[PDB]
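Residue strings, one per chain:
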Amino acid sequence: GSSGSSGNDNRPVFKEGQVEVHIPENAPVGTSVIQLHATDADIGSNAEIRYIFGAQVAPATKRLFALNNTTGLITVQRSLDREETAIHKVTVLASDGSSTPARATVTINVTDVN
């Protein structure tokens, strides 16, 4: 028409704030635990959303689980241990181009293995 756009701030949104999952410690390497889909305004996607590790995140979790800083997908990276840890609390942060990114909690319950 006549006028186009003015300009404003905009941030993505996670599918679900917190979600509980049940995966066996012996689970096979390469399994997809949880996937966070947070794309900016449908119209126009000229940005790069990176998913980093939240605050107070143990290193072991980073190795045991591989978090893609390009898609934000979490998949089994190495064998896990129940005896040591039973519940895994990992937080993901998506920053496209705003003041502060969005935070998302993810609880992973380790189930025994026959």
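Caption draft 1: Fine view of the overall build of the protein. Secondary structure summary: the protein contains one helix and seven strands in total. Relative to the compact-globule value of 13 Å for 114 residues, the protein shows a C-alpha radius of gyration of 17 Å, a clear excess of over 25%. Each principal axis of the C-alpha distribution contributes one length, and for the protein these read about 70 × 25 × 20 Å. Taken across its 114 residues, the protein has 30% of its residues classed as buried. Once local pairs closer than 6 in sequence are excluded, the contacts in the protein between residues at least 24 apart make up 59%. Here the protein holds 9 positive side-chain charges and 12 negative ones, and the gap between their average locations is 4 Å.

Caption draft 2: Main features of the sheet that holds strand 1 (residues 18-24). The mixed open sheet is built from four strands, whose spatial order is 1-7-6-3. Each edge of the sheet is formed by a strand with only one pairing partner; in this case those strands are strand 1 and strand 3 (50-53). Taken over all neighbouring pairs, the strand axes of this sheet differ in orientation by 30 degrees on average, direction set aside. Looking at chain direction, strand 1 and strand 7 (residues 102-111) are connected through seven bridges and run parallel. For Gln18, the partnering residue across the bridge sits in strand 7 and is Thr105.

Caption draft 3: Representation of the nonpolar core within the structure. Of all hydrophobic cores here, the largest spans 21 residues; its most connected members are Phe14, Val33, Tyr51, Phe65, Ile74, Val92 and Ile108. Broken down by secondary-structure element, the contributors of at least two residues to this core are strand 1, strand 2 (32-35), strand 4 (65-67), strand 5 (73-76), strand 6 (87-95) and strand 7. Ignoring sequence-local partners within four residues, the contact set of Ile108 consists of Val21, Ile23, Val33, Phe65, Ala86, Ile87 and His88.

Caption draft 4: Structural detail: the environment of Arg82. Along the chain, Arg82 falls in the loop between strand 5 and strand 6. Through-space distance from the C-alpha of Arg82 to that of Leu67 is 20 Å; in sequence the pair is 15 residues apart. A polar contact of 3.2 Å, which involves the side chain of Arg82, links it to the side chain of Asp112.

Caption draft 5: Expanded view of the pattern of salt bridges. Taken as a whole and assessed by the stated rule, the structure comprises three salt bridges. Here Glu48 ties to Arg50 by a salt bridge, and the two come within 3.6 Å at their closest N and O atoms. Judged by relative accessible area, which is 53%, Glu48 ranks as exposed. Owing to a relative accessible area of 38%, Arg50 belongs among the partly exposed residues under this scheme. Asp112 serves as the salt-bridge partner of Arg82, at 3.2 Å between the closest nitrogen and oxygen. Highlighted residues: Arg82 in the loop between strand 5 and strand 6 and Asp112 in the segment after strand 7, separated in sequence by 30 residues.

Caption draft 6: Looking closely at the sheet that holds strand 4. Here we have three strands laid out as an open sheet, ordered 2-5-4, and antiparallel in their pairing. For this open sheet the edge positions go to strand 2 and strand 4, each flanked by a neighbour on one side alone. For this sheet, the mean angle separating the axes of adjacent strands, direction not counted, is 15 degrees. When strand 2 meets strand 5, the two strands line up antiparallel, connected through three bridges. Bridge pairing in strand 5 links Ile34 to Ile74.

Parameters at a glance
Residues numbered from 1 in each chain as written, not as in the entry; some residues may be left out. Heavy atoms only, no water. Helix = DSSP H or I, 4+ residues; strand = E, 2+ residues; numbered from the N terminus. Rg over C-alpha atoms; globule rule 2.2 N^0.38 Å. Buried < 20%, exposed > 50% of the residue type's maximum accessible area, 1.4 Å probe, protein only. Contact = heavy atoms within 4.5 Å. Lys, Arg positive; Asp, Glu negative; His and termini not counted. Charge placed at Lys NZ, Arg CZ, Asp CG, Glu CD. Pairing = 2+ DSSP bridges. Axes fitted to C-alpha atoms, helices over the stretch in contact; angles between N-to-C directions. Core = buried A, V, L, I, M, F, W, Y, C linked by side-chain atoms within 4.5 Å. Polar contact = N/O pair within 3.5 Å; in protein donor to acceptor, adjacent residues only side chain to side chain. Salt bridge = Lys/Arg side-chain N within 4 Å of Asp/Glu carboxyl O.

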